[PDB]
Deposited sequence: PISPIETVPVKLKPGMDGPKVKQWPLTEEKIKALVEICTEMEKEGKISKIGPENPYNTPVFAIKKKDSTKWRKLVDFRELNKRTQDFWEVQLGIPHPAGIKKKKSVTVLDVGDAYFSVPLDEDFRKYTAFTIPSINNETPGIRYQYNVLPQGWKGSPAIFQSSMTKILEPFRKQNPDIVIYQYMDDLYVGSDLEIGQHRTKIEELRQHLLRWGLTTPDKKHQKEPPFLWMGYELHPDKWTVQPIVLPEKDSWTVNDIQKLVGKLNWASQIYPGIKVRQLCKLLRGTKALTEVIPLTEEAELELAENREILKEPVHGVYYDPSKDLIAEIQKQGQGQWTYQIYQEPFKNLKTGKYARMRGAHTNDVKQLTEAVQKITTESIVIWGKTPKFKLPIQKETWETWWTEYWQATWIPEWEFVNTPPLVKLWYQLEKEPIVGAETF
């Protein structure tokens, strides 16, 4: 059977245009689609269907079909899934499972399929697009997990019981499984779940809101103080207790930037008082479910990226840094994506929802290649920005390991 899935009130279907795809990618989707077509998951559609959703392929030599239901999902009626087990976040190790395959079984309300229309492009437009719509639950649509709920718990209990020491969290096509076992004993308990499923490595507690550390020096020059004093100023927006009078007082006059200055005991105390304030995160920052969760990333350079998740300005729910991965040496876009995906999985793990990203990159640039390195079953929301010079100088100033 199938449950009547309607759109939210007064909402029409998605009409997102398919951005260009590489030949390779196209040849795959055709294969992946002809197949599914036969197996009855999807059916060719006519022109009387005006809706459309972007789709593409990701990476074995096999390709996955990734459909972008962001817009449909936004317009799909709400279902008030599974609440966030505040425990999944506190677990020595978490592994994720792709269970999107699950939905291929269940049929989809025929009156709603139209809205699932998507299109495979043709190189140079030498052919019409190949239109399809779904007959079953689509991987990527929030309605899928929700509808495949009753049936997921079912297949789930047994392992939940066989192991109540482990916690399971399902988000969209994903299954986040958490435990504390030793590696072998953990990874081995997973496959036990795998096979269980087949018949039908994150370390959360290691994360933390790293602190800011001001530079310390034998000798300080005008310039130096100006920089320190500059960064502190900005920081006062987060910590009102930070004060720079006795510091700006060392800059009273028009001397060379290079000249060295002896700090007063006053200025020295002043610094000490600030280091302390920065010793911990600003008090009072708590998460609010009813509000959007935001994520801002900055290109610190040298493969370095700083991000901050927050819902209100200067009230971070977490802050971090990310160094490029071996091999991305000449590719920003690659780092950013990985970054995004990583910040997104983290986000999900803690609050069960993807954040809205403010990406320091040009739309065009991003939209072209992002698909080339993307690897998650879901897709976050994003907007493109122009990073404020200080916001970067500020977080660049974070703390790293003594050695590593």
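Annotation: deposited residues 1 to 5, 65 to 67, 89 to 92, 213 to 232, 437 to 440 are not represented by C-alpha coordinates in the model.
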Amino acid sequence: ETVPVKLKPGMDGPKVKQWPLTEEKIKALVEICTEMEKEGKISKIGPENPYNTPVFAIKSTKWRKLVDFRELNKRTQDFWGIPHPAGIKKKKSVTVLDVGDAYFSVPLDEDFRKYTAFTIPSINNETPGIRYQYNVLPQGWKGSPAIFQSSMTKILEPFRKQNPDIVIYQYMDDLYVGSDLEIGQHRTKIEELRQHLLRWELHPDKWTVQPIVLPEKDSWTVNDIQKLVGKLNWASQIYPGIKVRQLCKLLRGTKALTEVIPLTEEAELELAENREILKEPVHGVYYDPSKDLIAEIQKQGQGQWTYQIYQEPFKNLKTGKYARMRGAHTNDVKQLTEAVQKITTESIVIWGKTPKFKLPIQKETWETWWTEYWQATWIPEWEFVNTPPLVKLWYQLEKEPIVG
From here on, numbers count along this sequence of modelled residues.
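As recorded in the PDB entry, 177 to 185 is the stretch of 177 to 185 and 105 to 113 with the greater mean C-alpha temperature factor. Looking at 16 to 24 and 391 to 399 together, the entry lists the larger mean B-factor for 391 to 399, computed on C-alpha atoms. Per the PDB entry, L197 shows the highest C-alpha temperature factor of the residues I225, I294, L197, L137. If you compare the C-alpha temperature factors of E273, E259, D205, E71 in the entry, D205 comes out highest.
Among the modelled residues of the chain, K59 sits in the highest third by CA temperature factor in this PDB entry. Among the modelled residues of its chain, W80 has a C-alpha B-factor that falls in the highest third according to the deposited record. The deposited CA B-factor of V96 belongs to the highest third of values across its chain. Per the PDB record, residue ranking by Cα B-factor puts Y287 in the middle third of the chain. Sort the modelled residues of the chain by CA B factor and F118 lands in the lowest third.
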